[PDB]
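S.K.: model the following, please.
(3 chains, ligands or ions: 2)
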Amino acid sequence: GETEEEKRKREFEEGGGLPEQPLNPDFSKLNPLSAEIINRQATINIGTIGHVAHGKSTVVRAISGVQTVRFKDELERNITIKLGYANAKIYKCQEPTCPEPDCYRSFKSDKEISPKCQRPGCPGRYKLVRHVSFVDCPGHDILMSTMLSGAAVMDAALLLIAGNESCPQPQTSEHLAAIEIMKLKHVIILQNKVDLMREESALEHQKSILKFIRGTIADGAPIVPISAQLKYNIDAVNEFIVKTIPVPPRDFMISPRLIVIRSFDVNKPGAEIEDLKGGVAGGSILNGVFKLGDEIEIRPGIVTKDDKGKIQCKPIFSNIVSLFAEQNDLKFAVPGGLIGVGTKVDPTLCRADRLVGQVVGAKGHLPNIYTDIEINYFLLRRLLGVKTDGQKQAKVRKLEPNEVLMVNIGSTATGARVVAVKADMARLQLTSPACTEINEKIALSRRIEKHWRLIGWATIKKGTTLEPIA
Amino acid sequence: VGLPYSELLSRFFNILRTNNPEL
RNA sequence: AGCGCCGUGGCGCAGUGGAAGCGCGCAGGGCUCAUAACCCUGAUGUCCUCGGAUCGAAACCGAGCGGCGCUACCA
Ligand SMILES: Nc1nc2c(ncn2[C@@H]2O[C@H](COP(=O)(O)OP(=O)(O)CP(=O)(O)O)[C@@H](O)[C@H]2O)c(=O)[nH]1
Ligand SMILES: [Mg+2]
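M.R.: Residues are numbered from 1 along each chain as shown, chains lettered A, B, ... in the order given. Ligands and ions are numbered 1, 2, ... in the order given. For reference, the structure is listed below:
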């Protein structure tokens, strides 16, 4: 006669709960899968790529259980501009007797260390191998900077293909090539529709998907039949994530940095402002451990235009108040994931798509803002995303001086003008400020068929610096 | 190697046949 | 989540501080040899819940039901 909530409570108590992180742990010995780290933070960022109207948030929800908002009335149904997120934990059964394929089970972040095994007949307990964060990416042809920024964030890929539709989906190929651009090679192919399609169509679609990916950079990509609503073949997904995808080399030997993609103003309506919260910027830490209590500044920050037309860049110093990750406020931040940094940054600064694609650095470093950048660029032979009805997919043209091109340096979305075009090198003038940290793998897109279309890749080799104003 | 892909497909079809014999 | 807006007689509007409203609908009747036009009378209301002051409240206000416009997804 025990209520379900008290049952979940005794499960949480028996599972060990969620222990608080130590205030100052020895950071030399902390590996990304330590109990102090992995029980309360995701360490690998997995992103879903696919064509529109195929279902990516639903798949992650079936994996994890955390919903991806889907806000803004009009965007409740069609497409979402900003990235959708969900927390997932990979729990593996410790009992060897139960079959390996169903040992894996993906749970919400609200779960404990050692939850009971839900298979009928198994008293054993699960072990949390790793927490994984899910950076969902828009899969539409208009929103192109967002998916490139998400790819700059994410570390593992899940490609989504429909079964009953046409095999050579161009949006998926564009996404796959975009991931190929930035030194990311772990992609898992996931067939969304398996219930509504036949047995021989299954082999036909398998063969088509195999034939598509033969000459691209990724060669050994696994394929898995999944279903977003039937809630099946989820354990094998976690198995593939565990086995195929390792942790890229990332430690604390590197200087701290941040890359903010989403802005969040914490201003609860109706309640008195005497009890208010700060401004939260959603940023990935690709390098450097962060802790409660720091001085940090965004480099481009305030972008003002004077009476003479010159652009003045005021970096925005801010004292971080908290580092929200997973479910609980943490004391140390584990790099290699999106954490919500809540700081004293003015709430209006975090309201709209203002902190979208912007680099941030802790005090003790000086990232450099650039206004004219020298890039080295390489192109593909054909455009990706165009549906020519049976004729020679649009061939890529060579660049022209004084044209606007969307030059996505990591997460930044910049419309640059071209100054000089060489065979491999070019110079870009940016009215929207951009910053340089080390190399910053860049993506390039242009405009022919209205909406932006990817063309190739670029890497910064030089630039013209603008000193931040104190 | 897509050999470990047809197996999950077989499992999915078998689950469908057991759960939904009408289809 | 909050800020402004609202509450049919079937419908859109109007007064709402003294008790059931207009016009369009529907029914019936009149005019015409006959129809439409025109002219009369109707039969339809818990004018969204709980309450208040008041000889009075759909109406004036408040502890809420429902739906819009707006800020807008507010970790
Ligand atoms: N029959 C079937 N329908 C599915 C499946 N997966 C998703 N859908 C349907 O796709 C529709 C779109 O869902 P949604 O996840 O919001 O699309 P989206 O991926 O966010 C749009 P974009 O790809 O551009 O980001 C849903 O109605 C869902 O029922 C599936 O496996 N089978
Ligand atoms: Mg989305």
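S.K.: give me every residue in the stretch 101-250 of chain A lying close to ligand 1.
M.R.: A:138-140, A:192-193, A:196, A:227-229 (Cβ under 6 Å from any ligand atom). Backbone N, C-alpha and C define where each C-beta goes, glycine included.
S.K.: from those residues, pick the one nearest residue A:258.
M.R.: residue A:138 (22.2 Å; Cβ to Cβ).
S.K.: name the element the closest residue to the closest one other than its chain neighbours belongs to?
M.R.: Using Cβ to Cβ, 6 or more residues apart in numbering or on different chains and skipping residues adjacent in sequence, the residue nearest residue A:138 is residue A:146, 4.8 Å away. Assigned by DSSP states H and E, residue A:146 falls within helix A:145-153.
S.K.: packing partners for that helix?
M.R.: strand A:44-50, helix A:170-181, strand A:258-265, strand A:404-409, strand A:442-447 (3 or more Cβ pairs under 8 Å, 6 or more residues apart in numbering or on different chains; DSSP states H and E).
S.K.: send the alpha carbons of that helix over as CSV?
M.R.: Taking Å, rounded to 0.1, in the frame of the first residue of the first chain, the C-alpha atoms of helix A:145-153 are listed here in CSV:
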residue,chain,number,x,y,z
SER,A,145,24.5,28.5,-38.4
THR,A,146,22.7,26.8,-35.5
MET,A,147,23.6,23.3,-36.6
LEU,A,148,27.2,24.3,-37.3
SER,A,149,27.5,25.8,-33.8
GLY,A,150,26.0,22.6,-32.4
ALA,A,151,28.5,20.5,-34.3
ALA,A,152,31.2,22.8,-32.8
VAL,A,153,29.8,21.8,-29.4
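S.K.: pull the residues that contact that helix.
M.R.: Under the contact criterion Cβ atoms under 8 Å, 6 or more residues apart in numbering or on different chains, helix A:145-153 has outside partners A:45, A:47, A:49, A:81-83, A:135-139, A:175, A:178-179, A:181-182, A:184, A:259, A:261, A:284, A:338, A:356-357, A:406, A:408, A:410-411, A:413, A:441, A:443, A:445, A:452, A:454.
S.K.: ok, is it in contact with ligand 2 or not?
M.R.: No. Judged by Cβ under 5 Å from the ion, helix A:145-153 stays clear of ligand 2, getting no closer than 9.1 Å.
S.K.: quick one: contacts of whatever helix or strand comes next after that helix?
M.R.: Where DSSP H and E defines the elements, the next helix or strand beyond helix A:145-153 is strand A:156-161. Under the criterion Cβ under 8 Å, 6+ apart, residues A:44-51, A:54-56, A:59, A:132, A:139, A:167, A:169, A:172, A:175-176, A:179, A:184, A:186-192, A:205, A:209, A:221, A:237, A:241, A:245 lie in contact with strand A:156-161.
S.K.: same deal with stretch A:15-24?
M.R.: A:36, A:39-40, A:111-116, A:125, A:327-328, A:330-332.
S.K.: that stretch spans what distance, first to last residue?
M.R.: This stretch, stretch A:15-24, spans 25 Å end to end (Cα to Cα, to the nearest Å).
S.K.: what about that stretch, distance to the chain center?
M.R.: 26 Å (Cα atoms, centre = their mean, to the nearest Å).
S.K.: name the residues of that stretch that are buried.
M.R.: A:15, A:18, A:21 (16 or more other Cβ atoms under 10 Å in any protein chain shown).
S.K.: got it, and stretch A:249-261?
M.R.: A:250, A:256-261.
S.K.: out of those residues, which are close to chain B?
M.R.: Applying Cβ under 8 Å from any Cβ of the partner chain to the buried residues of stretch A:249-261, one finds that nothing falls near chain B.
S.K.: could you pull up phi and psi at residue 5?
M.R.: This is for chain A. phi -70, psi -40 (degrees, to the nearest 10).
S.K.: that's the wrong chain, I wanted chain B
M.R.: phi -100, psi -30.
S.K.: how about residue A:212?
M.R.: Dihedral angles (degrees, to the nearest 10) for residue A:212: phi -60, psi -50.
S.K.: which bits of the stretch 301-450 of chain A sit near RNA strand C?
M.R.: Residues of the stretch 301-450 of chain A lying near RNA strand C by Cβ under 7 Å from any atom of the strand: A:322, A:324, A:329, A:340, A:342, A:351-352.
S.K.: which of those fall within strands?
M.R.: A:322, A:324, A:340, A:342 (DSSP state E).
S.K.: work out for me the element whatever residue of chain A ends up closest to ligand 2 sits within.
M.R.: Proximity of chain A to ligand 2 (Cβ to the ion) peaks at residue A:80, 3.4 Å away. Secondary structure assigned from DSSP H and E places residue A:80 in neither a helix nor a strand.
S.K.: how close does it get to RNA strand C?
M.R.: Relative to RNA strand C, residue A:80 is positioned 10 Å away (Cβ to the nearest atom of the strand, to the nearest Å).
S.K.: and the helices in chain A, which stretches?
M.R.: Counting by DSSP state H, chain A has helices at residues A:4-14, A:35-38, A:57-63, A:145-153, A:170-181, A:199-212, A:235-244.
S.K.: nearest to residue A:121, of those?
M.R.: Nearest to residue A:121, of the helices of chain A and by Cβ to Cβ, is helix A:235-244 at 16.2 Å.
S.K.: what's the angle from that closest one to strand A:156-161?
M.R.: 140 degrees (axes from the mean of the first three to the mean of the last three Cα atoms, to 10 degrees).
S.K.: check contacts around the closest residue to residue A:205 other than its chain neighbours.
M.R.: Once flanking residues are discounted, residue A:205 sits nearest to residue A:163: 5.4 Å by Cβ to Cβ, 6+ apart. Residues near residue A:163 by Cβ under 8 Å, 6+ apart: A:191-194, A:196-197, A:201-202, A:205.
S.K.: isn't residue A:109 right up against residue A:89?
M.R.: Yes. Under the criterion of Cβ atoms under 8 Å, residue A:109 makes contact with residue A:89 at 6.3 Å.
S.K.: now the end-to-end length of stretch B:14-23.
M.R.: Start-to-end, stretch B:14-23 (Cα to Cα) is 12 Å.
S.K.: ugh, typo on my part, it should be stretch A:131-147
M.R.: End to end - Cα to Cα - stretch A:131-147 spans 23 Å.
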